[PDB]
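**Q** Start counting the sequence shown at 91; every next residue gets the next number (this note's numbering).
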Amino acid sequence: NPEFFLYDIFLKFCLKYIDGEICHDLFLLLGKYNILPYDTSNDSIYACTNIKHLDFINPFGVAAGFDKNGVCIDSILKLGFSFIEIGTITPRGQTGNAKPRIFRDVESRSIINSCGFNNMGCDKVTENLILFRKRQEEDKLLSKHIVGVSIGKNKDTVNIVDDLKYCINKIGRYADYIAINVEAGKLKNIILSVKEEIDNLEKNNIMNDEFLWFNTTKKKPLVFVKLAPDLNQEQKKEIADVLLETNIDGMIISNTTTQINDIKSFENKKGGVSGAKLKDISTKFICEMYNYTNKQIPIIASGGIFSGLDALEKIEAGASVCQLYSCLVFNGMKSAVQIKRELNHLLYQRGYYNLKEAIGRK
Ligand SMILES: Cc1cc2nc3c(=O)[nH]c(=O)nc-3n(C[C@H](O)[C@H](O)[C@H](O)COP(=O)(O)O)c2cc1C
Ligand SMILES: Cc1cc(Nc2ccc(C(F)(F)F)nc2)n2nc(C(C)(F)F)nc2n1
Ligand SMILES: CCCCCCCCCCCC[N+](C)(C)[O-]
Ligand SMILES: O=C(O)c1cc(=O)[nH]c(=O)[nH]1
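(1) Could you tell me whether any non-hydrogen atom of ligand 1 is closer than 6 Å to the CB of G393?
(2) In whole angstroms, give me the CA-to-CA distance for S165 and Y128.
(3) On the CB-based measure, 16 or more other CB atoms within 10 Å of its CB, does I192 come out buried or exposed?
(4) How many Å lie between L101 and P190 at the Cα?
(5) Our contact map puts residue 466 next to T348 with C-beta atoms below 8 Å; I'd like the distance itself, whole angstroms only.
(6) How many Å lie between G393 and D195 at the Cα?
(7) What does the Cβ neighbour count give for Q386, buried or exposed, with the cut at 16 atoms within 10 Å?
(8) Where does residue 55 sit, in a helix, a strand or coil, going by DSSP?
(9) What does the alpha-carbon distance come out to for the pair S200 and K293?
(10) Taking 6 Å as the cut-off, is the beta-carbon of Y415 closer than that to any non-hydrogen atom of ligand 1?
(11) Does the Cβ-Cβ distance between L282 and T247 come in under 7 Å?
(12) Quick check: what's the CA-CA separation for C417 versus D370?
(13) With C-beta atoms as the reference, is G340 less than 7 Å away from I179?
(14) What does the alpha-carbon distance come out to for the pair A137 and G151?
(15) Identify the continuous alpha helix (DSSP H) that holds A330 and give its terminal residues.
(16) By a C-beta neighbour count over all protein chains shown, 10 Å radius and 16 as the cutoff for buried, is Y123 buried or exposed?
(17) When the Cα atoms are used, what is the spatial distance from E227 to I449?
(18) Compute the Euclidean distance between the alpha carbons of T307 and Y267, then round it to the nearest angstrom.
(19) Let me know if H235 comes out buried or exposed under the rule of 16 or more other beta-carbons within 10 Å of its beta-carbon.
(20) Where does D145 sit, in a helix, a strand or coil, going by DSSP?
(21) Please classify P92: is it buried, with 16 or more other beta-carbons within 10 angstroms of its beta-carbon, or exposed?
(22) What's the call for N298, buried or exposed, on a 16-neighbour Cβ count within 10 Å?
(23) Would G160 pass as a contact of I176 if the rule is Cβ separation under 7 Å?
(24) State the start and end residues of the unbroken beta strand (DSSP E) segment that holds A318.
(25) Please go through the segment 160-211 and give each complete beta strand (DSSP E) segment of 3 or more residues, from N-terminal end onward.
(26) Work out the CA separation of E447 and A154 for me, nearest whole Å.
(27) Between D352 and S198, what straight-line distance do the alpha-carbon atoms span, to the nearest angstrom?
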């Protein structure tokens, strides 16, 4: 506790006085040099979950955009998370938009950003992930922890499909899953090309899987797609059908929104909003896609999750796992420890045997 306590005092201080992205990069640096706290607790066997044959030791991970370049994977995971989604990465490095490009509102526990997909590029991030996988072989606390890779297109790309293909051929061997972050017909083409290129990694290697997939599952990465919440009902239906036709392994609901306008400090700011003001929107979106897909597509929840209650709402709506981002900014390093306990107590109060029982109850 005192390690978490001292750090969360420092974090509250940083939140008040210091620029967001500067703060973010400082703590990533602290994590890189391994002086952040550990959650070495055993996670409840009743809160374990899965997406098909991908097994999560607990239902909480860190969303994409937090550690874009995979420089801090060990330390973030050891805060008590079961998985992390690095990226979004692009084939070539991008600077992103002009700074400052991230702003926080403590009162509403919300964030707005216009980063513009800044990242070191696929080559550098692949090497970062490779080094992590090597460390993981030797680190007890990283056993069975999952790393997904969010992939996207370069800002001025000629061909989206071959941007994703480039990334998959580079980093796919080291990923437990791939998250696509980008029209229904166009999406179908993207999804199938990704599945095909992952299937080709298996073909063009002479090694058995144990020595081919240098990841956690020792199997080929699953394919998820992340959806933005700013769509009409027809677009959601169209997308839903595509996700069924393509037999995609899961869907991440959701990314940031642009339809929040009741935050004063953000009134003259451009970008996508996350945090508490996104919670209700993203939850409704989960129910909708859970319906439109007839519950055949596992869901990864993202948007305004801060508490065990928030989490159980996402789950009862249809989600199998939850991702945090804003929670770590406002609640600090105790976030995983705190929210895991709250969910466990709640699952008991509501009289659930395990977490899997609660999925899609409402
Ligand atoms: C600064 C910032 C950068 C982000 N970068 C990415 C990204 O690169 N790829 C992605 O899929 N989502 C990105 N996101 C969206 C988050 O992954 C997440 O979906 C969103 O913040 C909602 O979660 P939350 O309400 O818990 O913060 C980013 C969000 C923020 C605030
Ligand atoms: C205090 C603080 C800490 C922090 N980042 C942070 C919080 C917790 C952790 C850790 F728990 F993983 F250590 N790491 C980084 N961020 N990130 C942003 C933003 C919105 F600009 F991205 N603002 C932040 N403010
Ligand atoms: C305001 C500064 C806060 C100081 C926090 C105290 C430092 C504890 C960090 C030790 C982390 C150790 N370990 C072994 C988990 O890495
Ligand atoms: O890098 C960004 O600007 C970004 C990407 C993304 O997927 N979502 C978001 O809110 N910002």
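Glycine included, every Cβ here is placed at the ideal spot set by N, Cα and C.
**A** Here's the rundown:
(1) Yes, Cβ of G393 sits closer than 6 Å to a heavy atom of ligand 1.
(2) Distance from the CA of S165 to the CA of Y128, rounded to the nearest whole angstrom, comes to 8 Å.
(3) Around the C-beta of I192, 16 or more other C-beta atoms lie within 10 Å, and the residue is accordingly described as buried.
(4) The C-alpha of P190 is placed about 19 Å away from the C-alpha of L101.
(5) Any answer about residue 466 is impossible in this case: the structure gives the chain only from 91 up to 452.
(6) When rounded, the separation of the alpha-carbon atoms in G393 and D195 is 16 Å.
(7) Counting other Cβ atoms within 10 Å of its Cβ, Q386 stays below 16 and is therefore classed as exposed.
(8) Lying outside 91 to 452, the shown extent of the chain, residue 55 is not represented and no answer is given.
(9) Taking the straight line from one Cα to the other gives about 45 Å.
(10) Yes; taking the cut-off as 6 Å, the Cβ of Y415 has a heavy atom of ligand 1 nearer than that.
(11) For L282 and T247, no; Cβs fall outside 7 Å.
(12) When only Cα atoms are considered, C417 and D370 end up about 15 Å apart.
(13) For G340 and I179, no; Cβs fall outside 7 Å.
(14) Approximately 13 Å, taken between the alpha carbons.
(15) First-last of the alpha helix (DSSP H) with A330: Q323 to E335.
(16) Exposed.
(17) Going by the C-alpha atoms only, they are around 33 Å apart.
(18) So the two alpha carbons sit approximately 9 Å from each other.
(19) Flag for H235 reads buried.
(20) Three-state DSSP puts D145 in a strand.
(21) Counting Cβ neighbours within 10 Å, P92 comes out exposed, since fewer than 16 surround it.
(22) It counts as exposed.
(23) In this structure, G160 places its C-beta atom within 7 Å of the C-beta atom of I176.
(24) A318 -> no beta strand (DSSP E), and no H or E assigned at all.
(25) If only uninterrupted beta strand (DSSP E) runs of at least 3 residues are considered, those enclosed by the segment 160-211 are 173-179, 192-195 and 200-203.
(26) Taking the straight line from one Cα to the other gives about 27 Å.
(27) Distance between the alpha carbons of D352 and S198: 10 Å.
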